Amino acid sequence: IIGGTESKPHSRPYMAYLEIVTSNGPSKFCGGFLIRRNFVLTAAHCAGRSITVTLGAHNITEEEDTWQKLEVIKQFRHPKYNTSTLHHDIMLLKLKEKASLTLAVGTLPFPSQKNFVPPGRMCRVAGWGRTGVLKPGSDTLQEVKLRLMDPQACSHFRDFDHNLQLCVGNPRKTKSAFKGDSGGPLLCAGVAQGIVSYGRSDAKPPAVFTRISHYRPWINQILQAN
């Protein structure tokens, strides 16, 4: 998160910190959010050979009783995810066991309605990602308020599409999500409407988020079958 504030500790109890293992490199990191006691939603590009989820964290360098380090048994990447266009950048992780409900750990379930969210309003995103182009990931959970933009604002991303994705962040400000924040939720009036996907390498906003409403049928299909 660039240009944000430190979250009040444990104030976003659905937030998940992902450590991703691959065969031929060191650990990589993403965000995510708990939508059922045994399911975390995140980005498809955060997939790997294996993943560990930490719930209940604020400062990710300091072990505490709120932590739950949970095993992932299976990864469900969207079947149409495309590594060139980055369309359909969404994935569900099934946990080996159901998480414990505490003050610091709880689900963010979707409401019944899945209305298409138009441009104009302010939304909030949180993560442990880089705080600048040349700065490491944050030790503490950070968050920032961003403007939902008209789709033409993201035209320079040649594979952006308005039906699939949200365009997020006023170009006149530095405020943005960045590397390490991918997979985290964008909340508009307390309701998850987007998932951090990608942006420019120089972190100039706006950035591109997966539009959750488009994928509600697919999410439901996976949850009901597993």
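In case it trips you up, residue 1 is the first one in the sequence shown, and so on.
Higher mean CA temperature factor, per the PDB entry, when comparing 29-37 with 181-189: 181-189. Between 67-75 and 134-142, it is 134-142 that carries the larger average Cα temperature factor according to the deposited entry.
When the Cα B-factors of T102, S155, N115, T107 are read from the PDB record, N115 comes out highest. Highest CA B-factor among the listed residues (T42, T174, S197, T54): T174.
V125: CA B factor in the middle third of modelled residues in this chain (values from the PDB entry).
Residue-level temperature factors show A207 in the lowest third of its chain, judged at the C-alpha atom.
Per the PDB record, residue ranking by Cα B-factor puts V21 in the highest third of the chain.
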